[PDB]
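Letters A, B, C, D, E and F name the chains as they come in the text, with residue numbers starting at 1 for each one.
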Amino acid sequence: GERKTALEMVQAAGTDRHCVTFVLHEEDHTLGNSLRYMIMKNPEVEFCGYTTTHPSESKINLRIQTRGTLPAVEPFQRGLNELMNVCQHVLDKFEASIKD
Amino acid sequence: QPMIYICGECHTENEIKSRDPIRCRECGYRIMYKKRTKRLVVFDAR
Amino acid sequence: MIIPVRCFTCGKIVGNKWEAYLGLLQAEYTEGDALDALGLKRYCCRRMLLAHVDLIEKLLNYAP
Amino acid sequence: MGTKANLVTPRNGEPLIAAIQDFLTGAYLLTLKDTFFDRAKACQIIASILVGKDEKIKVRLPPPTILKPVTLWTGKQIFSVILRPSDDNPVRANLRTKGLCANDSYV
Amino acid sequence: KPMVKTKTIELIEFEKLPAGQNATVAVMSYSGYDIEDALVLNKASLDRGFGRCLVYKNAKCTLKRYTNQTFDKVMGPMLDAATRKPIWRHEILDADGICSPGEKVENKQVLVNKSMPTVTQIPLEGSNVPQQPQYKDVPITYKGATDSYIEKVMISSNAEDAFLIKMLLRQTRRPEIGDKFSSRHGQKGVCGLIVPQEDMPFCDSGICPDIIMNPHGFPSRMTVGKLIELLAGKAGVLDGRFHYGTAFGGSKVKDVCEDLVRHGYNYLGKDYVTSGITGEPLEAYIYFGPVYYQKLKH
Amino acid sequence: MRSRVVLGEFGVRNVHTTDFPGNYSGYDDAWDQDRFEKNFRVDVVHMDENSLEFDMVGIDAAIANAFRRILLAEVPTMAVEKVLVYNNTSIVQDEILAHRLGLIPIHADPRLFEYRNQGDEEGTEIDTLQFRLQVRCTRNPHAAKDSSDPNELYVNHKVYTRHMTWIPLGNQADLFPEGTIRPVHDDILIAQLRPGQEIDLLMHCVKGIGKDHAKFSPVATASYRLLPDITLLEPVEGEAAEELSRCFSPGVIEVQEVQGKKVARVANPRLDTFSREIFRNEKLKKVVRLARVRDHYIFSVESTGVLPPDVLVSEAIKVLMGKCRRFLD
């Protein structure tokens, strides 16, 4: 359910999926840079690119720009699912440590 | 008919109507503070 | 006029801690040590008590 | 008087628009021979040329200007970054002395 | 209260009545809004009450009297139509149309009205009929583009019945981008940004600025009476003291430095901050400690 | 080098988390679980009533600050958002008292309510924990010890957050209100009262998120250290132990022996809030090297009574789950 959030922007896409600016609506630095982190951590991306352009922090135009061959939805979702796995495994190791 | 006339110098209420200047009971004390009212004013608590 | 319930830059709750100093300034610690027996281990709440002026008392002296 | 009034005055012949302050020192610090950056520091790039309205072309990712044990991005061609409508320029004679004298002049 | 005070602040007695909040403060350049003496004051301290205002104002319904005709008895709107009993003309006054101690009277409502028959009877042998049917009512209404709150109502009447209506139209205009600050050093910045709590830098303990200056007001104004006030703030609170820098006396830099040492900081009181936006240490350290920001009018 | 921050006398080096695949010619971890769920672990420190501390081991800065920023003001809790007015006779009023109360932590779990859309009282069905505040002050009538303290001539001369009696909406009456509905603190000076004044209110305890108006923060200490790992090089064994035990914080470095000179190396390199005098002995600073390490982002969260800090950190780490998989379809 991301219909009014992930307004992608390939218009003059040099590579087929080049200027792929997921304009994440209703967003801050919090997810923004964590995602930016995980995305930037794949050896096929060149920008994680997260930069809130507005004065008000709601639209973090993460301008991922892959190495040309791939789309940019593929990294985007790899990173989001990787952060899913990371935070859930963190909670698993954490709440089982409150028994200390 | 209301009683909205407190006096910071005579803690008592008159509302003697017009053509009776202010006088707080038995004194001049023409310094009426008027009571607040009973409407449920709403405040953004921020 | 009254005690800020929160340390404007910390978060800690404060308003619970003014009727202890007026009972811990007469056990007569040094202010710097009446404000260590109650929790304030940062800049913030030390400001928010050391710096405040309880105009509450003097104003209410003649409120009506 | 909207695009030609601002930058060029006939009274003096000197620009009125200029980095007022910290843009000067922030950009300076970028240019300082010390500052070495990260490909992870393509972040700050992207408020400039991957950025707000009327600039979202790509950017050519200035090449990896070290290939040591530690690849690194020097601080200058992180300043000298734009990748729409390529251009050409030249300059010289900043505010320092002469002779390669810890060079802060003849940019 | 001030916290780097002067032996002449006490003598005034006006340190029982201090004029400005005492603010945690960094020395830090956020992002192009700070620049020519402008201040990134974080929210979540405007929220927690840093620097309210209680701007009052004053309406005086100088209810005259006249020789021949009379204002005397003629008080009281409240037509009481259906919509607003009766209408945003006379919506919020009261039983007697005078007072309203506590109601957000808004944007050109009536604060007080009075039928205003002043000389509608000609003083000479003029028209006979104007025995007060000729009221051109003169409302007293005005306000600005925000809600006041009538807090006091006054019928202050001198020996002549020339009824005043003194009124405490209080308007708690808490700050916003544009508000005026001073510094105690002729360093009069303005709120450039208003950042939220989570983005402001936090030292290591947990302290994040209220105000932020950038170190560009100093080296060309040379107020070095401010790089020191932040030494005797953070050394007077971390120790419980209450310091003096007084004209031609004061408290030097060495003892203050040793105080900062005793409670765990630099000689120089320069903290070791990490950056909220990204989450890792600032590369160059960050001045801190209490300032005493005054909050001007205008 | 690669997660050893350094604390030069002038500025901090090595601070960007410069380990991303293709930004180091060692090897960089196409990062997830197997290399990450083996290195990860969460120690615990002191656990206690409103203050919690622990040492995550193996994160990098972005996710850790994501926690911090979510714990501060991107987690919701129960706090007043509106104040209905009944006979507010008292002294300074109507926006400080409104906001004073706005700042009192109510103690209802913020996982058994929902947000508030535009309803009857703006809404009165699930959310409105409604609090009644009926404080009256008068003259203590038996004070033959005339001209005494206010504590002895008045009656409830102040308004603490113990007069905040709860009102029931038939919704809640049976689930929460057995006693777990009062404000956390039964002592907060909300407004002093002198004979002849009263207050009477209604307190609309909406849900909310910290970004809205930070009176919704549950946490106070959401800001932390990395972890210092202060080294030594061919030490200064002997009487210098006095110096390298008063430079660093009082427990940090041991002082053991004199015959075996042994300026006793690191004792507790986590108790030091970096006073850093050690660059001003001018004869020692070229022995010690200061290094806060990039693995153990030691946390220390403390609440404001609304929830135990464990509940708060679990809520934050799950709200990050919510955010991350709300853009993943």
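Things worth noting here:
By our rule, a contact is a pair of C-beta atoms (placed from the backbone, for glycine too) under 8 Å apart; a residue touches a chain by one contact, two chains touch by 3 or more.
Across D-F and D-E, the chain pair carrying more C-beta contacts is D-F. Once the centre of each chain is set as its mean CA position, subunit B and subunit E turn out to be 29 Å apart. Chain centres here are Cα means. That of subunit B falls 36 Å from that of subunit C.
Look at where the CA atoms of subunit B average out and do the same for subunit F: the two points lie 48 Å apart. Multi-chain contact residues, meaning those touching two or more other chains, occur in subunit C at positions 6, 10, 64. Multi-chain contact residues, meaning those touching two or more other chains, occur in subunit E at positions 47-49, 102, 149, 196, 198-199, 205-208, 276, 278-279.
Each of residues 28-30, 33, 36, 40 in subunit A touches at least two other chains. The set of touching chain pairs reads A-D, A-E, A-F, B-E, B-F, C-E, C-F, D-E, D-F, E-F, using the touch definition from the header.
Against subunit D, in their complex, subunit A makes its touches with residues 9, 12, 14, 18-19, 21, 36, 40, 46-51, 53, 63, 65.
Those residues of subunit D whose C-beta lies close enough to touch subunit A in the complex are 39-40, 42-47, 50-52, 56-58, 61.
Only residues 20-22, 28-33, 36-37, 40-44, 47, 54, 56, 59-60, 62-63, 65-66, 69-70, 74, 211, 310, 313-314, 317-318, 320-321, 323-329 of subunit F touch subunit A when the two sit together in their complex.
Of all residues in subunit F, only 91-92, 96, 100, 103-105, 158, 185, 187-192, 194, 196-197, 215, 217, 219-222, 304-305 touch subunit C in the complex they form. Of all residues in subunit E, only 1-3, 16-18, 21-24, 42, 45, 48-50, 205-210, 234, 237-242, 288-290 touch subunit C in the complex they form.
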